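Shown below: target_29.pdb, with PDB, C-alpha atoms.
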```
ATOM      1  CA  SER A  26     -10.453 -16.626  -0.043
ATOM      2  CA  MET A  27     -10.342 -12.956  -0.990
ATOM      3  CA  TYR A  28      -7.982 -10.724   0.960
ATOM      4  CA  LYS A  29      -7.949  -6.969   1.448
ATOM      5  CA  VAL A  30      -4.507  -5.540   0.884
ATOM      6  CA  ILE A  31      -4.336  -2.550   3.212
ATOM      7  CA  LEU A  32      -1.803   0.259   3.534
ATOM      8  CA  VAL A  33      -1.410   1.692   7.084
ATOM      9  CA  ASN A  34      -0.466   5.291   8.014
ATOM     10  CA  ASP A  35       2.708   6.528   9.714
ATOM     11  CA  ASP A  36       4.075  10.075  10.215
ATOM     12  CA  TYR A  37       7.312   9.344   8.457
ATOM     13  CA  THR A  38       6.845   7.722   5.046
ATOM     14  CA  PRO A  39       6.922  10.378   2.297
ATOM     15  CA  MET A  40       3.794  10.776   0.143
ATOM     16  CA  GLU A  41       5.820  10.430  -3.062
ATOM     17  CA  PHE A  42       6.857   7.026  -1.769
ATOM     18  CA  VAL A  43       3.278   5.851  -1.180
ATOM     19  CA  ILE A  44       2.604   7.010  -4.754
ATOM     20  CA  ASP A  45       5.679   5.073  -5.898
ATOM     21  CA  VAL A  46       4.254   1.967  -4.191
ATOM     22  CA  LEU A  47       0.790   2.396  -5.662
ATOM     23  CA  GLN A  48       2.128   2.724  -9.221
ATOM     24  CA  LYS A  49       4.778  -0.049  -8.926
ATOM     25  CA  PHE A  50       2.847  -2.821  -7.182
ATOM     26  CA  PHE A  51      -0.806  -2.051  -8.042
ATOM     27  CA  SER A  52      -0.453  -0.408 -11.482
ATOM     28  CA  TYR A  53      -2.671   2.479 -10.473
ATOM     29  CA  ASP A  54      -2.254   5.663 -12.486
ATOM     30  CA  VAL A  55      -0.892   8.837 -10.828
ATOM     31  CA  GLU A  56      -4.429  10.191 -10.390
ATOM     32  CA  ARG A  57      -5.895   7.238  -8.355
ATOM     33  CA  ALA A  58      -2.638   6.760  -6.490
ATOM     34  CA  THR A  59      -3.110  10.249  -5.026
ATOM     35  CA  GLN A  60      -6.692   9.560  -3.911
ATOM     36  CA  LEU A  61      -5.521   6.486  -1.990
ATOM     37  CA  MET A  62      -2.462   8.319  -0.698
ATOM     38  CA  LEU A  63      -4.561  11.123   0.785
ATOM     39  CA  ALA A  64      -6.817   8.365   2.134
ATOM     40  CA  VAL A  65      -3.947   6.641   3.998
ATOM     41  CA  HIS A  66      -2.825  10.047   5.257
ATOM     42  CA  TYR A  67      -6.218  11.321   6.524
ATOM     43  CA  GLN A  68      -8.245   8.187   7.239
ATOM     44  CA  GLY A  69      -5.227   6.288   8.660
ATOM     45  CA  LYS A  70      -5.407   3.423   6.144
ATOM     46  CA  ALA A  71      -6.592   2.483   2.638
ATOM     47  CA  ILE A  72      -7.509  -0.788   0.962
ATOM     48  CA  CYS A  73      -5.226  -0.792  -2.062
ATOM     49  CA  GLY A  74      -6.607  -3.848  -3.768
ATOM     50  CA  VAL A  75      -8.504  -7.031  -3.062
ATOM     51  CA  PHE A  76      -6.790 -10.215  -4.167
ATOM     52  CA  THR A  77      -6.746 -13.953  -3.566
ATOM     53  CA  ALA A  78      -4.686 -15.323  -0.658
ATOM     54  CA  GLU A  79      -1.483 -16.210  -2.560
ATOM     55  CA  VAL A  80      -1.398 -13.046  -4.635
ATOM     56  CA  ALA A  81      -2.098 -10.946  -1.502
ATOM     57  CA  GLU A  82       0.796 -12.453   0.427
ATOM     58  CA  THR A  83       3.159 -11.814  -2.473
ATOM     59  CA  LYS A  84       2.029  -8.167  -2.514
ATOM     60  CA  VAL A  85       2.245  -7.516   1.237
ATOM     61  CA  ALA A  86       5.727  -9.087   1.427
ATOM     62  CA  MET A  87       6.771  -7.232  -1.770
ATOM     63  CA  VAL A  88       5.560  -3.881  -0.513
ATOM     64  CA  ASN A  89       7.193  -4.456   2.824
ATOM     65  CA  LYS A  90      10.483  -5.509   1.197
ATOM     66  CA  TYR A  91      10.608  -2.418  -1.015
ATOM     67  CA  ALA A  92       9.782  -0.115   1.864
ATOM     68  CA  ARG A  93      12.511  -1.499   4.155
ATOM     69  CA  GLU A  94      15.169  -1.204   1.465
ATOM     70  CA  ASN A  95      14.182   2.434   0.878
ATOM     71  CA  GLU A  96      14.401   2.816   4.654
ATOM     72  CA  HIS A  97      10.770   3.761   5.308
ATOM     73  CA  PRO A  98       8.547   2.327   8.041
ATOM     74  CA  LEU A  99       5.481   1.878   5.785
ATOM     75  CA  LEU A 100       3.439  -1.082   7.036
ATOM     76  CA  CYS A 101       1.294  -2.918   4.455
ATOM     77  CA  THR A 102      -1.068  -5.613   5.767
ATOM     78  CA  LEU A 103      -3.590  -8.428   5.206
ATOM     79  CA  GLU A 104      -6.916  -9.237   6.749
ATOM     80  CA  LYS A 105      -9.640 -11.220   5.140
ATOM     81  CA  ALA A 106     -12.259  -9.175   3.292
ATOM     82  CA  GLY A 107     -15.240 -11.489   3.673
ATOM     83  CA  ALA A 108     -16.475  -9.542   0.696
TER
END
```
Any chance you could put this one into structure tokens?
Amino acid sequence: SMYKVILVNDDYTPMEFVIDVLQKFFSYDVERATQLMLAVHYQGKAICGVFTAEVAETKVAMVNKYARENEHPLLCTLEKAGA
């Protein structure tokens, strides 16, 4: 089972932070991280990565943990993929 790992927009989470996230938990470089960041900001969400079930859960929960400790509302989610 492949799972989309999606990052969902909110008016409050700083852009730097989303970049932080993208570099820390997906190993994207600064350049790509900004693409996706703008994507979350303007399109309202962006598929960060596609992973297998177990790995995807670990990510979601990780991203959510990190966000809550840095006191931001960023919601990161799962939902199949199919593809």
Can you give me, as a short mmCIF file (atom, residue, chain, number, x, y, z; two decimals) with C-alpha atoms, keeping the file's coordinate frame, the residues this file yields under the PyMOL selection byres ((chain A and resi 100) around 7)?
```cif
data_model
loop_
_atom_site.label_atom_id
_atom_site.label_comp_id
_atom_site.auth_asym_id
_atom_site.auth_seq_id
_atom_site.Cartn_x
_atom_site.Cartn_y
_atom_site.Cartn_z
CA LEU A 32 -1.80 0.26 3.53
CA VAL A 33 -1.41 1.69 7.08
CA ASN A 89 7.19 -4.46 2.82
CA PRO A 98 8.55 2.33 8.04
CA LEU A 99 5.48 1.88 5.78
CA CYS A 101 1.29 -2.92 4.46
CA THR A 102 -1.07 -5.61 5.77
#
```
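A straight line drawn from atom CA of residue A:106 to atom CA of residue A:40 is 25.8 Å long.
Taking atom CA of residue A:63 and atom CA of residue A:26 as endpoints, the distance between them is 28.4 Å.
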Chain and number of each residue from the PyMOL selection byres ((chain A and resi 85) around 8), as a ChimeraX atom specification: /A:30,81-84,86-89,101-103
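For the residues A:108, A:27, A:73, A:92, ranking by smallest atom-to-atom distance to residue A:42 using only C-alpha atoms places A:92 first.
Taking all atoms listed in the file into account, residue A:104 lies nearest to A:75 out of the set A:47, A:75, A:80, A:65.
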Which centre and which edge lengths, in Å to one decimal, describe the axis-aligned box that holds all listed atoms of stretch 99-102 of chain A after 5 Å is added on each side, as AutoDock Vina command-line options?
```
--center_x 2.2 --center_y -1.9 --center_z 5.7 --size_x 16.5 --size_y 17.5 --size_z 12.6
```
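Proximity of A:70, A:105, A:97, A:57 to residue A:39, computed with all atoms listed in the file, is greatest for A:97.
If you look at atom CA of residue A:96 and atom CA of residue A:77, they are 28.2 Å away from each other.
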What lies within 12 Å of residue A:45 using all atoms listed in the file, ignoring chain neighbours under 3 positions off, as a list in words? residues 38, 39, 40, 41, 42, 48, 49, 50, 51, 52, 53, 54, 55, 58, 59, 61, 62, 88, 91, 92 and 95 of chain A
